[PDB]
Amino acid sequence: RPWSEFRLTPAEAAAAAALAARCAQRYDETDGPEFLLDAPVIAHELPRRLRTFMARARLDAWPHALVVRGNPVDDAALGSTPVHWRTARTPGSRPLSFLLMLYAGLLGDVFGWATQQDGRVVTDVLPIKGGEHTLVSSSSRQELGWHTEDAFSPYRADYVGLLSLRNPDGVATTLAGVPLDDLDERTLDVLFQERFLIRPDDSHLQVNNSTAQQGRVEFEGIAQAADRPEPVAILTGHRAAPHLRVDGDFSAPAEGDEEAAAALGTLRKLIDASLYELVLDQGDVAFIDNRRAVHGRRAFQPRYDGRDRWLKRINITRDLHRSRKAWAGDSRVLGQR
């Protein structure tokens, strides 16, 4: 497999669940300052075999993601899938949100965006009725196109954590790495040059946040990035193992740069051709390497019967201080004027 996989024993899974439940009892919320600070140390109490996996697999050169299988989820206890992310912090999902944050603490510094889902650190992925054909993660009938998470931003995550609360019909997450086996050197050269525009995706629009937030000064920075994007490279670092920054629906070549356009067009076709599926079954967690891979989600027919697919999500950086310019009165919720 192109990802690294770990399966918890039932005993390990129960121990991790018990730890998350204890945290849920002792702390008021996941995104509170106290649990944000404490979670990385509390995570040291997770099962040792899991801690070893996370410490080693993060340092491997190859995987597109780290996948942890086997966290129990009781649908009766969980309750119905929320109709919107706003109302998605349900008591039934609370322990699992704490669990995701504990796992994330083993990989780095968690953070959110002032301009996405009301500045929440733990976010939700679920289908919103009426929003089936949008470019945001609450779509369904329209495939969520492949992307580097928050591609527009230099402060985008190193890892994106996804915990599947439920996924009864096995809807696939999509993944692709750099198509290095098919990129000729001239095309590769051009992708390494600062000749591309990457604009913020629609999740950072005021319309996709609550009316109270509309509001925040950080939406100004989003507008600046959308209106006047700075040319950047799609590939960076080592030519034999490049890091990737692209969004199929929000990337463009620099104004009138047809050579850059050709390179982006070639990249699109090669990523489309190599895209593969990872199904996060109920209880599965994935930490996608946001530098090695783009990801998306297959089109699916939403149910709207209370049992729709539902993920908790979290952004993770290896170094919070990289984003200090965007510390919006809060180091864990990023944005700029």
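Residue positions are given as counts along the sequence shown, with the first one as 1.
As the entry records it, the average C-alpha temperature factor is higher for 209 to 217, out of 176 to 184 and 209 to 217.
Comparing the deposited coordinates for 63 to 71 and 28 to 36, the stretch with the larger average C-alpha B-factor is 28 to 36. Across the residues 157, 222, 165, 246, the deposited record lists the maximum Cα B factor for 222. Residue-level inspection of the entry shows that, of 79, 105, 256, 127, 256 has the top Cα B-factor. Residue-level temperature factors show residue 132 in the middle third of its chain, judged at the C-alpha atom. Among the modelled residues of the chain, residue 189 sits in the highest third by CA temperature factor in this PDB entry.
In this PDB entry, residue 226 carries a Cα temperature factor that places it within the highest third of its chain's modelled residues. Remark: residue 232 belongs to the highest third of its chain, ranked by C-alpha B-factor as recorded.
Among all modelled residues in this chain, the alpha-carbon of residue 272 has a temperature factor (C-alpha) in the middle third.
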